[PDB]
Each structure stands twice: as structure tokens, then as C-alpha cells.
Amino acid sequence: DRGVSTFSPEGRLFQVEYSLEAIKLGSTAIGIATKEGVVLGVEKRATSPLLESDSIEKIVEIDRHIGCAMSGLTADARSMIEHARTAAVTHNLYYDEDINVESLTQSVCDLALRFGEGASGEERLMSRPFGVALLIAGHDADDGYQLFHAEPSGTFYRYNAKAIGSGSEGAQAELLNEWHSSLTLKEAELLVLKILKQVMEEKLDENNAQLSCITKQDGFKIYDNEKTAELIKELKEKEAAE
Amino acid sequence: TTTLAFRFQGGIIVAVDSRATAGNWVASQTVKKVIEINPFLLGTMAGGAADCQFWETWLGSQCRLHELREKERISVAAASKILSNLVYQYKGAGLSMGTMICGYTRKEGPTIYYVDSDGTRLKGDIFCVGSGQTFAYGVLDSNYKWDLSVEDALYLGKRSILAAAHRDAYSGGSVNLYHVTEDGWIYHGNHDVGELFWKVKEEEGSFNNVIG
Amino acid sequence: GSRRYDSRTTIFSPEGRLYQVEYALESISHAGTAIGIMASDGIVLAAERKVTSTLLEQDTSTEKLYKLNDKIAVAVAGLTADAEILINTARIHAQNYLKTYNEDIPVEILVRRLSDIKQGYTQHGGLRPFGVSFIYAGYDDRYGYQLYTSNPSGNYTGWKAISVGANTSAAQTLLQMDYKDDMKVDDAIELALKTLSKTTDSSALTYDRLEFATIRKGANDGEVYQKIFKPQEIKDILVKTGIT
Amino acid sequence: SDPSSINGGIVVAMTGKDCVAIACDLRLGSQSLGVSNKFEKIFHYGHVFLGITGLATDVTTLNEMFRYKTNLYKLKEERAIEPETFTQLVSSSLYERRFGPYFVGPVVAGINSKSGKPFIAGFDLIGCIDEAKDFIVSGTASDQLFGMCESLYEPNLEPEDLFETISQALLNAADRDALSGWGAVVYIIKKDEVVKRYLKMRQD
Amino acid sequence: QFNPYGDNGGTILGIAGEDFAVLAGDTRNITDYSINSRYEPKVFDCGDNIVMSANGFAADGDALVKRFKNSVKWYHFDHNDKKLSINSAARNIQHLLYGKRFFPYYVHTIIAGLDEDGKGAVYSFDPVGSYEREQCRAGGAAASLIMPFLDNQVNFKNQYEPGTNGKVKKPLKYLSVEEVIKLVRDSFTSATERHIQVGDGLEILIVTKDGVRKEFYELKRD
Amino acid sequence: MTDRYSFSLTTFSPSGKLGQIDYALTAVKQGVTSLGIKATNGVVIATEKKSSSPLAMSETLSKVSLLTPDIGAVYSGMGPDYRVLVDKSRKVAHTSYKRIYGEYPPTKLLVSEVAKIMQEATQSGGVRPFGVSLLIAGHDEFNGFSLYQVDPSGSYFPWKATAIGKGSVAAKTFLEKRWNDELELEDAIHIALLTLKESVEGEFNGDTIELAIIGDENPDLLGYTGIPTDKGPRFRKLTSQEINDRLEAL
Amino acid sequence: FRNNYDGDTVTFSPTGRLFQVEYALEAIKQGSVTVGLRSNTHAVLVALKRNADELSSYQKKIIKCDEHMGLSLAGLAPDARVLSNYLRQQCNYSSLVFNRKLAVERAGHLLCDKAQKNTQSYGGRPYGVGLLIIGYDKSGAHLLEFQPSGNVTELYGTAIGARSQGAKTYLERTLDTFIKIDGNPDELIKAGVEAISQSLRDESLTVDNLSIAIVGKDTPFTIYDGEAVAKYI
Amino acid sequence: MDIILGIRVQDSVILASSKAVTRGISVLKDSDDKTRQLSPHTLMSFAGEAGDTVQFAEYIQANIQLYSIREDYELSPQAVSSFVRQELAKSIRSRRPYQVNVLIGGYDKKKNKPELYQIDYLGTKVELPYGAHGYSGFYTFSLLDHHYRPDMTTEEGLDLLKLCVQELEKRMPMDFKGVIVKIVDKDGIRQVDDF
Amino acid sequence: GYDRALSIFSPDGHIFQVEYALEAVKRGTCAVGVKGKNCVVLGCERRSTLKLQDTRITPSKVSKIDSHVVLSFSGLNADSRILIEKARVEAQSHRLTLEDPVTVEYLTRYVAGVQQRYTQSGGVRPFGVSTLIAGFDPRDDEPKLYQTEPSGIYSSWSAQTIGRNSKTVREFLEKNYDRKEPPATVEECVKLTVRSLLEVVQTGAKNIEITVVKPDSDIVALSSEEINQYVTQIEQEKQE
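Going down the list, the protein sequences come from chains E, 5, C, 3, 6, B, F, 4 and D. Counting with the deposited numbering, you get residues 1 to 242 for the letters of the first sequence. Counting with the deposited numbering, you get residues 1 to 212 for the letters of the second sequence. Counting with the deposited numbering, you get residues 1 to 244 for the letters of the third sequence. Counting with the deposited numbering, you get residues 1 to 204 for the letters of the fourth sequence. Counting with the deposited numbering, you get residues 1 to 222 for the letters of the fifth sequence. Counting with the deposited numbering, you get residues 1 to 250 for the letters of the sixth sequence. Counting with the deposited numbering, you get residues 1 to 233 for the letters of the seventh sequence. Counting with the deposited numbering, you get residues 1 to 195 for the letters of the eighth sequence. Counting with the deposited numbering, you get residues 1 to 240 for the letters of the ninth sequence.
Dropping the structure here:
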């Protein structure tokens, strides 16, 4: 039986390659980055009517200036998000300044490869890599708003807008046409809610969809359900204006 | 070094002096002895300056880590007992700790905890730490009321440091005031103790030993 | 490397079962039969040996009855080799509790402790599970007499009368028709022998192939005396109750 | 100063014609203050009796440690511990705590049921086995007991008369010492029964 | 019986201007009553418009500076050459000083540069760990000779405007970089006469927004 | 360099029975015959020498060994596996019982320490079971003489007389009929030889039949006089001359 | 199509080869092209970066190791992120202890022996990255090629990655012109851009797709990017 | 130093403690409470070295509470005191020795008995009809020897404890500032506000 | 050490040791949770096939973690005790260092985090247990009811069921539980949870256990008589 380190005849680690398909099975995360802020949109995807849909969490604060979205097997991300708060917090303790986004992302990517069978004293703290991919959003004074996609591949790209999850293929087709550098914060919110509706498998309502932004002034804020209801009513209007 | 904190109707007044010495030589006369742990907790530095400087910036880390995991502000009760467990592990290795962790949540009311390197964690209503602590106590016990105006309580705090800074050697320098309300601490400015003395002597008539 | 030769004794099956723990249950169904009955005023432990030749000296032999302190005896069914290992870890944990609280160990603690040892090997380690099943008869003031069986899963539950070993099913159905709650220690003895007499592979039932030990409160001052019978008390009690 | 004299106590033990006696005081002091008069010093495993003197907390630590060995010894072998193997055992427990030992003076007394011989032995600190057949003493007032026994004792006393001899040895030594006093227990171990007597003495 | 702390005298001085800061220190390196070296710098450019001096025990001092320059390199390699600012470095050197606390460093440290706004900033450390931002701080052996003279010529302490009779404190100014150099040079000429461990030469490192300039002066050889 | 076998090589075959303890019990049935008989005043154990060649000396080989001065052992199965198990038998007897209680372990006691060594040769990882069965004859003060068999599984049993090895099926049938309750150590010696004469086809010299008693104590082998408390060793392996006496007594 | 000796690194094949080390060498032939060449006074790295798609940015390819040594990867990013971190530390371990700029040649061997000890032992993915390590010490300019087998060699010029062969051909002709260009850093960068244009499969050079780095007798290791490489296309 | 006083009567253990806590020159608090409720029927007063007391009293308490959830049962006071005596024995051999003294007052429900155990810092427990620690012990024992009857009702016992404190106030050279008095009977633990 | 990578991805993108773990929870006895206006009610299936088994001393399916947090479970009985030991531990640890009892959501996050850990540690097989953690936060009367599973993900529910025949019970709870209006009182809620169970237990008054947990640390177990009464009423009510 294969080990966990084995390469294929192509030169790809089996587990790391297989892991990418676990992300395809996850729920939809959309991220649009503008010059005024980044908007994070998620399909909560309740599984019953008895399931209370408010306790489900897919957006989490890392620090007042970094927020995170998850797609895939999301209990693995419990371990990744804990590392991140420590790196971000420990780094504000040693140098009296908030991490960059670009540096924080890279620390979680180093962590990702750690699978193995053990040798000497060296920690290998998984048997298979983190079965989850993350959209790290955030803002520093140096490079404005940024948006990153950190995959268990161990590589991260900075994106203008990426969408991962079940509807990744059809979602990113719509972004490629709709995005340009001149979106504001209130147009991106309606643009995420329009794309979230095309790839969604339910009815769009306030209970099973969540929005989040990141501005310098106010930090990282998750919208309550009340505010999201107004933006859902405001989508139906612009499509009947036409 | 003379620092005091005392509960009252409107929250907590924290007043600290400023002078930091090494024997006869006065090292420096501007020492922010009050450490901003976070926007709702104040910690005072008394005794061994290093220990309290370092281990209460570390304490601000554990407050902001516990605020992200649970998503709620941290009790004053919990913040102090994170710190007594830290210095208890080190005990006898020779560190010196003497702090008041002061905060004001809705469920506890305004609270003070006084953490010591012995391992002591005391809840209290009036505290006073440092060499001049006995002088500050005298003025504070006679004029203290649970019901007191916010004007009169700022002015009572300022006078407790002045009474200590005059008699005791090491304290001196400058007074800082802080008013811990529900929204967090507001810094009430720095007062030089040399210019303050003639002001108090004038208004009240206090101080007659000194011809000045 | 090592992976080729690896049995993997801890994986799940395609249906959410543990093969290797199932099989431990199978090897316990070949070993000798053991029965325990709970009366109002004592407990009978009675076990049938797997050996029976006459060269063997079954008279001083004890491979079924063990005392864990002076209030808890167990019976064994499975690998007798394996069982001596868990009994010394129990003997030691029973005593640690007497050291630290100056009070005889509750039956509930000593049973729950052994179970988790067994659980331990199927959770991690890659070691083969234990091949043993215990009946614990013990006395404590909290519930009086208590009876507990544990198997190589680690799941234990109390009982009024239970049996592990060969034909567990057949022995349970004979007991079920006869057992009553008003039984005394005399009545229980007579039901225990008779039930082993109906299941034994050989038609003859002899005093030498039976092991037998009770726990009675007829020891003075509100106490309990465990006796593992001598071969001469068993012989007389087999003629008394009319099995031969 | 010495750990022994912080709490005090004294044990003595004799032999006679087919029996042993063993006695102690019940006082438990914290230097000048006397705290309690019910603190037993003699504990017994089966038919072996063990007196411990010295620092009161080591007494209680060694009393749960030997109850742990003789219980586990009794289950595995299926006979009670015998006095000869118990002496070896007391000595080996003390010795592995070689450095900074228990500050104690154990006395083993018990009739061997095998041979019928009465048997005593004493120890001290690290683990030196004092073998005698006359009498054995421990504790603060060990000098004073030695004086009493040596003039009083004589080989082979019947059980009723050995009770008179060891009472005077304990009772006159104790009254001439500061750190021993209140109450006294004499156990007459015969070969079948054990008689336990509390003695009336001076409560100053 | 090894006594692991030595002494090497020497004194250092830091003055915070409005757009410049100086850290100066004497170059004489002693042990007891022998002069070991005329010329031995203690003020180092660490890159990023930080200057740092640890004065006191020269062996623990040189080591603390080697490890700090090692922390500036590793700052660049991780956060993509974001320049460590004087504010940042301060909380960092606090972590190296405190990392030993049961065989501590036995040095008195001063760093100086421009902070975010662009005004001179000096930080002063204790050996045990804590640190405070000052306007002016001396250190080393003759620190108690130069401090009081500086409190009188910068902060105008205990000076009152003439003809007000102590009822109006003297008005304060800002200092020019040319003026501060003359203050430091006067201090250290005074220092030499009365204290036996200052001399041979004074070296001033001036930190402006354009870089770091060195200037070297002769003092008395005796 | 590393050991990365931590997993059991003994698993449960799907119909119970641990596969490796079954096999090892077959290598115990290939070994050379060995048997033991208990009397009321001793125990005898006897075995046959097997010779690699006529060149090989056989006196140098010990096939009966001493564990303590009162407990002797003899095996059937594999030679290499018994050598290492007799040395681990003496250490664990001295270290968890001689030093701690003084006297030498009782015979019940000692069998249990040896059975834990066997047992942990399947529970543990990386190993396979010892390919031997032991007979352990000995004498303790409070139960007299006794005789034990410790199998590669770990189970032990008291016997009155038993045999193991290739002639085990034939031997135990004969001992079933011949044994009695009244027996001398001298009479038993005559039964032990008579049986083991049927099982050995090779040369039956008294050089090549090693017999040893756990009889009674020898004042002569003690090595020192003047302590009436101490007693000699109860074990005594007989020389070749003495065994040639009992052969001509057939 | 998957062999029988593809399990751990311990296994040898009956041909004699080690298959798992050969599989890690395919991880280089799917990375993006990168070209290194040196004269006797300047080393130069010219790498063509790779975006993931349009909205995406570009993936870094050139790592500043120190101020006189830098390497460029082609293959798996996290494997290089361990090997570049290790050289950094070994360059500090020389400046601290011996106060010696770590000679380029010695840093190659140090890297090699770190790759070897993971193909000897059971478990341990072999490193699936090919580095080019340029640098300038006391013995002049140096350019190394490091295979994942571990074998390091000294060259006047090489390339690795997808369709590298078209560039490596241009370097075999012009080797005799660009080797003599000394004391002129501009022309040596020009010869390196032309090399990598031969390997393109019509991706087209761009100001955001190209990355150059030089190091010399007088310059520190510096990376040009974005607007800074507009002059050199 | 401190004063901790324990008197056992017909059906109650009464424990008293000192309200004061003095660290150095100053008295810092006059309402502090030096006693933790281990269980619904077990109270434990403690006193001794600075800072160490508080850590060692919360420790014991967590282990006793854990046992109560784990078996769903209340440990008798006999069993609780042997556990506390075990933990002090460990520490005195270990690197850092505790100096704590404790009185454990409890009402065993199995026996319908009050019981009082005194454990000093060496690790020596003894069951008593009344105990104390420190220099405060010296002054009390000689009143109790004289007035105490074993058949006293709860209300007389409190009248005997008013007398013990009045003798302390007159002779000790350290202020302690009255006492908190607590009763443990079969109904639970109630604090009588009067001294 | 023993550190084989027992749990690995398959090419379909599911871990096969985790799917196998969740099938094991299906064969388990059935446990139901429903939260009323201001109570929770945990109903559990007792295997009553067994006869001559004493109920006085036999471990129940509801094990109190603290004095206001209860936990129920489906799956392997043996492995379940391992979670409950680490949970009782975690509840006293959190009381020690921060003060204040654990809030139900935190006690779940710990327990759910243990089941997640054992899906990465090499050498360990996943847990075969899914729990319902229920109770009241301290100084509050909002009922809370959570479910963990051997994937490690946890969610709050208004009603839920785990174990065998769960689809049939869940269907009944989607019709008979109005999300807006809970069972009016504590007595109506018990009558909703019993009536759900009697579909898949096919009656037996002894088979059903009901534990009710109320605000302010009031845990009570309904006795056999009470259960019988309720069953007879519902049977008679429904019968009528």
C-alpha cells in the first residue's frame, strides 16, 4: 500500500492532489476585493428546517484587520484558525504592530505540510494535510485591501476576486465578466449577492446567507441578519428596474 | 513609588506617581507606571519594574486571545487569575510583582484585584502599593465615601499622591489620573508635583510646616 | 518497510464494525463456562474447567477464581495467560484507592478502571485486543451485592445473573425460567450446579471439574467473608443437592 | 532540632516463654504543646505487630506503605506475611529512600506460627536490623528504657508476669521524660489471642 | 569561583531633537586602572536609521548588538523588507534583554532614530528588561555627571523668566542640530576633568532623515 | 537504524485462536521427550540428550538447569529460546523477590514471573512467541513439593506427573496407570527411566540420559558449616556413574 | 503504467535506478522556465513567472537569500520554502562564528548533503524542486544547478523547467560571447532575456510576468520587478 | 499570624477564621474570608504562608468536585481528610514545600456524626473534639479543657466560642479584627453573622 | 511509536475512516433531543431485549458533565466513556482558571475538538460516537442543544435525533414541532418527545428513559411510574 509521502509518476504528492477534490465538495465562498474594502459571502447551506441556521459559522475574525472564509471539510479549519490567531497575536506582542496580510497567510501555508509517518523527534502532526481551503481577507496600511487564497497545495496567490466551493466553475465565469477596478463597497455587496444566487441550490433569504466586509475605519464586521435582509430586498429591485 | 486605586460611585480612580530611582541617583522622572493592558483594563507597575512591565503586556495578549475564541469581553475576575497562575510557577526564582488589575464590567460592577508575587490574589475596595503607601492611606481613609462627586474624587486622588510625594523620598515627579468608566479608561492628564504644591497650599490652607 | 507486514488491528470494516474485537468474542466462546448468580444475601461464582484428566492435580488449582481484595472476586473466561496480567493491574489500582482514601474501593470504580484498559488497545497502539471476559462479584455498602460483566470491547453492565463462555445463550435461558428475587444463598447454590449440569459437554458432572466460591454476609458484625471452597466441601455439596 | 524530637514517642518490646509484649505511649506533641492523646503508634498486619516512633508524618506514611505490601503479598502467595520475611521487608523499603530517609525507629514483634518461636527486631533510620532476643527499644527516651529493661528483664517469663515487667519499664521511663506522657498501650500477644490493655498513668 | 561580570567604564548620551537624534559615547575602554584602548567604538549603525549602544560590560554589550542586527535581517526576510521602525525595535530589544532573566545581560542600552511622524526618539533600557521613551537619557559610569547639566540646558528646569519672580516658567525653544553638537561637546570636556573614565575621544552619530553621519573629536589623553 | 515495528504480529484468526500460539505449540511437540514425576518426598525430572554429531561433546550442554537452589527446570522445543529464558528467569527472581523479601521465591510465585515473560511475547510488538514449554519442579516451605508446566501461551497448571515432546502421547498414557499416591523418590526414579527408555531409540548410556531430582537438602554442598539455620540445596543433578546404577536396576 | 518499485525510497529496481528520485525529477519538467548565466563579474537570473488565471497575481520565483546570494525555484513551492530557509540560516551561521561570507561552492555541498539524508531513510518525501543558486564571493561569480537527486554542479549557464531546452541551446552557441562581457552589467542582462524568449511557447514577455536578479563585484543581490524590468524587455 | 479555631459539639462543627490579611506594614483587608466550601457538607478552613494557601485550597477543591460528578456521590469527611493529608505529604519531599495548615469540619451523612480533623503542614492528621493552630492555639486549649462538655447543644457552643475570642483579644500582640463563624450541620452550611 | 497514517483521503475526496465511523453511529440505539419553552428533554432507547438485568446499577445513556450540562450519546458504548472523562475534566479546569461554570457552547467546542484531533493523530482510529450536549448557561434560561459527530463539526438544533431509525423520528419532528412556538410548558414537551419515540420503539414502558433538565441546575429523571402514566395517556389520547 502507498505511503503518504509517495509521488505519482507525474511528480505530484497523491494526498495533496486528492485533497483538492475535497474542496470541490464544500459549500460556496465568494470574495470580491475593491479599493474600499473586501466583501465575503457564503452559502450557509442548512441541512434541515430543525437545524438552527444561526449557529453555523463560516466567517470568523482573526484580528480586527484580518477576516477568514472557509470551504471544504470545515472542522479541519478549527486547527488552522487557532494557529493563525496565535501567529497574528504573538506577532503583535513581539513587534508592536499588526502583521501584514501577506506575511500571515504564508505562516499558515508552512504549517500545512506536516504529514508523514514520523522520523526521530520531529513533529508530524497530521496523517494527511488540512482538508480545507481558506480565503484570508484583510487590510494593512502598506498595500490597502488584499485578498488571498491559501490552498493545502502549500501555495497562495493574491487574487482580485476568487470563488471556491461547489459552484466554483460557474461562479468564477461570472466574475471574469463583471469585475473591474472601479467597484465601490455597496456595489460589490449586491454583486456578491447576485453571484451567490446563480450558484445557490436553495431560495435566497436572510437566514441562510451571510455577508461580511472589512474597512479600515470600522475593522472586520459580520453583518447581522437585519442588515442582510435589506440588501436582499435591494437585489430584487435592480432586476425589476430592467 | 506610590500608586493607589479606589472604587467609588462612578467607577475607579487610578492615580500613580512617576519617579523611578536607583538608590540616591534618580534614574528618570517620567515613567508611565500605568500600563494599558487593553481598552478596558489598567495595570499598575510597582516594585521590580521589569517583571511588571513585561508580564502585563503578555497579559494583554491573553485577554485579546480569549476575546476572539469566546467572542465576549473578559471578566476582571478572569484577568487577574490568569496572572497569579503565571507568577506562581516562577515563585522563588526571584521576581517582584505588585499590581492592581482594574476594570469595570456590567455584571461585576467596578472591581479591583491586587496580584502579588507571593501568589496573593485579593479583591478589594481601596488599595495602595509602594513605599509611600502609608501616607496615601491616611488622606484617603478620612475623606473616602462610597457616594462622591466625580470632581471631588479626581481631586481626592490627586491629593493622595501629593501627600505621599511630600513625605516619602522616592515618590515625587508627576501625578497621573485615570477615570475608568464603563466605556473604558479616560486619561485625565499629567500634573507636575512642584507646581501643584503651591496651588494646593493656596486653595485649602493645608501644609504649614513648609514656609513657601 | 514496516507497512507491508502490518495487520492493522484498529481500522473500521466497510460497515462500521471492528473485526478484531469480534474475533476476540469468538475465542471466548470456546473456553470453559462460568456462571454467577445474585441472591439477596450473597453471590455464587461457579466455573467449569476446560481440563479434566486425572494426572492433573485440580485440587489446589485455581485458574477461574481470583480475589482482588477482601471484597471483590472475579471469574475468568478466555485466555488464562492474558487474564493474570489485568488482574495485577486491578489488584494494584484497588489498593491505591485504599491508600489514598482509607476506605475500601467501590465496586463501580474498580470495574470502570479495567474496562478502559481494554478499550485502550482498540483505540490506538496497533496491539491485538485482549482475549478475556470477566465476571466481577463484589460487595459494597452503597448498593449491597453487585454483579458486573465486562467483555473485550470494554462495555460493562450490571446483571442479576449472567454467564460467559460456552453456550452463553443456552445457559441464560435455563436461568431465566427459574430465578426469583426472594432467593437465599442456599437456593442459589442449587440453581447454579443444576444449570451447569444441563450444559456440560460430558453427561457426568464431577466434583473435580468444578470450581466454586461464594460471598456471604453470614460473617459476624455486618461483614462479608469470601470463601473459595476446598475440594471436600464441593464434594459434599454435590451429594447434598442431589446432582449425583 | 532533630526530626525525632519534634513529635516524640517511645516503643518497647520484650519476649517471654512463648509470647511477646509490645507497648507505647499515646501522646502526640508539637514540641511543648500537647495536641492529642489518641494517636496510636502500633499497627498490625495479620499476626505481625509493628511499632513506629519518630516524626509523626512518617509514621502515617509508613503505615499506609506497609499495609500496601502485606495486602499485595497476601493475595499473591495465599498465606499471611511471616515475621522473618517482614523484617527483611521493612528494611528494604527504608533503604531505597536512602538519602533523606524517614525519621523513624520501627520495631517488629510477632510470634511465628510456623516454629512457635517468639521473635522481635528493631530498626533505625537508614535500615539497620537490630537482632535481639531480650528486648528492643526506640524513640526519644531510648536511653531511659535501656536502663529499666536491663535490670528488670529475665529470660522466660510467663504471659501473666511479663505484663507486670513491661508496664514498669514503660511507665517509669515515660514519667522521667518531657516529650512522652499520656496513656499507654500494652499488647500481650499470645499464640492465639491478643489482649490489649490501657494503663492508668500520670496525665501531667 | 568565577565572577562573570566585568566592567569597562565608558559613558553614552542620547538627545532627541525635532527631526534628528544624536547618540554619542566616549571611545576609552578600561579595566580597573589600566587603559586598554584609546579607540574602540561603541555606537553602531544597525541599518534602517537605528543607532544602538549598549555600554557597561563590553563582552555582554557586543553580544547584545550582534543578536539585534541578527533580528533586523530576519525582520526583512519574513515581512518582505518592511523597515523596522524605531517604535517596533524597542519592544523587540525588550524581548532579547528579558530572554535571559536568571543570568542576565549586565548592560545599559540606548537606541535612537526617527519614529513614524519624523521626530527624534530615544529609548532607554534597563538590564533586567523594562524600557521607557525619553527626551534625554545618559548611561554608563559618568551618567550622574552629565544628566543634571542637560536638564538645565534643554528642558530649562528650575529656571524662571526674569522679572516675573518665579510666576512664569522660562519659554522653551526647539534645538538645531548645530546647537546640540556644541552641547554634547561641552558636556564631555567637563566630564573628563572630574571623572577618571572619560576621554581619549568622543564619537557622535547623528541620525537625520537623510541617513547617519559620523563625527569624531579629540578629547584629552589623560 | 530505527525500530518501526510496534504492531502485533500475533492477531486473532477469524475463528478465534491466536495463529502464532497455535503454531508455536506444534514446535513444542517436535522437541525431544521430557517428563517429570512427583512423589511425597521429592520430584524427578528427566530428559534425553540429543547429539549433533559423535564429535560434539554433550556434557558441556546443560539441558537441565537450576533457577534457584530449590527450583529446577527442563524444556522441550527450541534450544536457543530456552537459554535466554533461563537467564531472564534468574534475574526476575532475584530482583523482584530475593532482595526485597530475603528468602528465595516460592514455587507458585516464580512460575508467575516466568509466565509474564511468555505472555508479553505476543501482546508486545515486533516479537513472536517463545518456541518452548517448560516443566518447573520446586519446593517451598508451606505447600511441600509441586510440579508445574508453563506453555508458550502463558497458561500454567499443577500436575502430579506429565510429559511433553514427541513421545508425549505415549508417555502420559503409561504414567496415568503407573502413578500412585505413596511413592518414594527412589521408586519414582525407576518409573522415570522405564518410560523414557521406550521413547529414546538412540543409545541409552547413562552418559546420555540426564536425570535430576529436587529431593532433600545436602549438608555437603552447602560449602560452609557452623550455621544450623541454613540448609543445603534441594536440587541435585546426578553424575553419570550414579545413573548407570539405576539402569542395571531395571 | 505505474511500476512495481514505486513504494518507499528504500527500494532499488533490478535495473539499478531509484524510481522515487526520478519521479521527483519530473516535478522540475512541469515548473516554469528559468534561465541563469554568469560572466566573470556578474551572475544573472531571468525567470518567467506564472499566474494561475486572469484575476490571479503572479507567483514569486526569486528568493533573496542574503545580500550576496540568491536562488530561483522551479517545481513545488513548499519544498523550496524549506531549502531556501535552510541556506539563510547556514549563511548566518558562517557570519556569526567565522565572520566569513559563505563561499558559494561550499553552500552547494551543504544543500546537497541535506537532500541526500532524506532519500536514504524510510519515510521522507524527496525534495521536488530544482534551484539555481547564483552569488559573488572572494573567488568571483558562481552559478550552481541543484538537482533533487542532490547532485550539485558548477556551470557557465543553464536553465530548468518546461521547455528549457530551447534556451539551453541558445546558451551553447553564444557561450563564447557573453562569457567575456566583464565590467558591463547591462549587456549581460540583455543576453539572458533573449535566452528565455527561445523557450516560450507563445506566452509573450510582459512587464508583470518577468523577474530579473543580478549580483556582482559591487552590487548587492537585488530583484527587479514590475516597472523596473520595462527597460529590459 | 492567623487564627483558625474548630469546636465540635453534639451535631455541628463550628469553624472560625480571622477577617484580617496583613502583608508587611499595612493591614490590607478586614473582610477577607479564609475558608472554602469543598462540598455541600464539608467546610475547610486554611491558614499559613502568604500566597501559597489560596493556590493549595483551590487545588484540593477541584479534585473533590471532580469526584462528586464522576461517581455522583458525596465523599465522607473521613475520606476527604485522608486525601488532603496525602497531598501535603507529597509536597514536603518535592522541590517546593507548601506551608499550609487546615481544619476540615464535616457532617458525615452515613453515620449521622459531626467530625473534625486537624492536619498540620507536615502531614499529620488527628481527629479531635477541638483544635487550633499557630500561637492562637496556645491561648484557647486551656478554656476548652475546662468548659467543654461533649453533650453541648449548638447554641451553647457558640457561647463558648464568644469566650475563646474574648481571651484572644486580650492577650495576642496582633490585631485580627473579629471572626467569621460558620456552622456545618445536617441542613448544609450557614454563617451566623454574630461573632 | 506506532504512527501509521490510518486516515487518508481517497480519490473521491472523502476520508474512508470517517465514513466508516459515521456508519457505526447508525446501528446505535436511538436518542432524541427537543427543547421546550424553558427546558430540554433528552429521550433515549434502552435495549430491553435483555432480561435478568438490574437497572439500579447499570450506566444510563445520560451522563452529567457538570451540574447544568448533560450529555447523551449514540454509538459504541465503550468508546463513549472516553469523551465523558475528558469532558468532566474540562468542566472543572475551566472553573479553576477563569471562574464561572462552562457555557454549553464552550463545553461542546472542547468535546467536538477532541473527536476532530483523533482524525489526524497517526496511530489512532476515529471515535464511533455522536453526542447531544444539552443544558442551560449559568445565570440564563435560554435552552441550548448541540450535536457533535466524528467529523468534528458541531451545530445547534431546535430538535434532533441520532442513531437507528433516525429518519423516521426526524420526519415526525418536522411535522409536530413548530419552530416559532415551542411546547408550551415542561409537561407538553415531554409529551412531544415520548410520542415521537413510540413510533420506532413499538412500545414498552420500560424501554423508554426520559431525563428533563431545567434552568438553575435542576436535573431530574422521570421515574418508571411517571413514564408509564405518560405513555398510557398518549396511547389513550391517541387511541381515543
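Using N, Cα and C, we set each Cβ at its ideal position, and we do this for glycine too.
Problem set entry | Test: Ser-142 (chain 5) CB closer than 9 Å to a CB of chain 6 | no
Checklist entry - Under three-state DSSP, which class holds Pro-14 (chain B)? => result In this structure, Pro-14 (chain B) counts as strand in the three-state DSSP scheme.
message = Excluding the 5 residues flanking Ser-217 (chain D) on each side, which residues of the same chain have their C-beta closer than 7 Å to its C-beta?
response = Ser-67, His-68
- Can we say the region 174 to 188 of chain 3 touches the region 1 to 13 of chain 6, given the rule of at least three CB pairs closer than 8 Å? no
Q: Kindly say whether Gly-167 (chain B), judged by its beta-carbon, lies nearer than 9 Å to any beta-carbon of chain C.
A: no
Work out the CA separation of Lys-216 (chain E) and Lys-86 (chain D) for me, nearest whole Å. 42 Å
Whether or not the region 149 to 169 of chain D and the region 25 to 35 of chain D are in contact is what I'm after, with contact meaning three or more pairs of Cβ atoms, one per stretch, closer than 8 Å; do they touch? Touching, yes, given that three or more Cβ pairs across the two stretches are closer than 8 Å.
*List, in order along the chain, the chain 3 residues whose C-beta lies closer than 9 Å to that of residue 246 (chain C)?*
Residue 246 (chain C) is absent from the structure shown; chain C starts at 1 and stops at 244.
>> On the CB-based measure, 16 or more other CB atoms within 10 Å of its CB, does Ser-124 (chain B) come out buried or exposed?
In response: Per the 10 Å Cβ criterion, exposed.
| said: So if DSSP puts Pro-114 (chain 4) in a beta bridge, which residue, or which two residues, is it bridged to? | reply: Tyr-107 (chain 4)
* So, using beta-carbon positions, are residue 199 (chain 4) and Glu-58 (chain 4) closer together than 9 Å? -> Residue coverage of chain 4 in this structure runs from 1 to 195, which leaves residue 199 (chain 4) outside it and unanswerable.
Exercise for review: Give me the Cβ distance between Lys-203 (chain E) and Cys-213 (chain E), rounded to the nearest whole Å; I'm assuming they're in contact under 8 Å.
Suggested key: That pair is no contact at about 24 Å.
message = In the DSSP output, what is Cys-102 (chain 5) paired with across the bridge?
response = Per DSSP, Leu-42 (chain 5), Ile-112 (chain 5).
(request) Excluding the 5 residues preceding and the 5 following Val-114 (chain D) in the sequence, name in chain order all residues of the same chain whose CB lies nearer than 7 Å to its CB. (result) Within the same chain, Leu-83, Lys-86 come within 7 Å of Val-114 (chain D) by CB-CB distance, once the 5 residues on both sides are set aside.
Exercise. Taking Cβ positions, are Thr-57 (chain 5) and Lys-33 (chain 5) nearer each other than 9 Å?
Worked result: no
* To do: Can you pull the chain C residues whose beta carbon is under 7 Å from the beta carbon of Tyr-122 (chain F), in chain order?
  => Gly-1
- [ ] List in chain order: all unbroken alpha helix (DSSP H) runs of 4+ residues lying wholly within the region 75 to 159 of chain 3.
- [x] 83 to 96, 142 to 152
query: Run through DSSP, which three-state label would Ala-213 (chain F) get?
result: strand
Query - Cutoff 6 Å; reference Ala-188 (chain E); Cβ partners in own chain excluding five residues on either side - result: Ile-32, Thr-34, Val-39
query = Is the shortest distance between the beta-carbon of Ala-169 (chain 3) and the beta-carbons of chain 4 less than 9 Å?
reply = For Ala-169 (chain 3), the answer is no, since every Cβ of chain 4 falls outside 9 Å of its Cβ.
ask   = Is the shortest distance between the beta-carbon of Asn-155 (chain 6) and the beta-carbons of chain E less than 9 Å?
value = no
Quiz item: How do the region 152 to 159 of chain B and the region 171 to 190 of chain B stand: do at least 3 beta-carbon pairs fall below 8 Å, yes or no?
Solution: Taking 8 Å as the limit for Cβ pairs, the verdict is that the region 171 to 190 of chain B does not touch the region 152 to 159 of chain B.
(message) I'd like to know whether the C-beta of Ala-50 (chain 4) is nearer than 9 Å to at least one C-beta of chain 3.
(response) no
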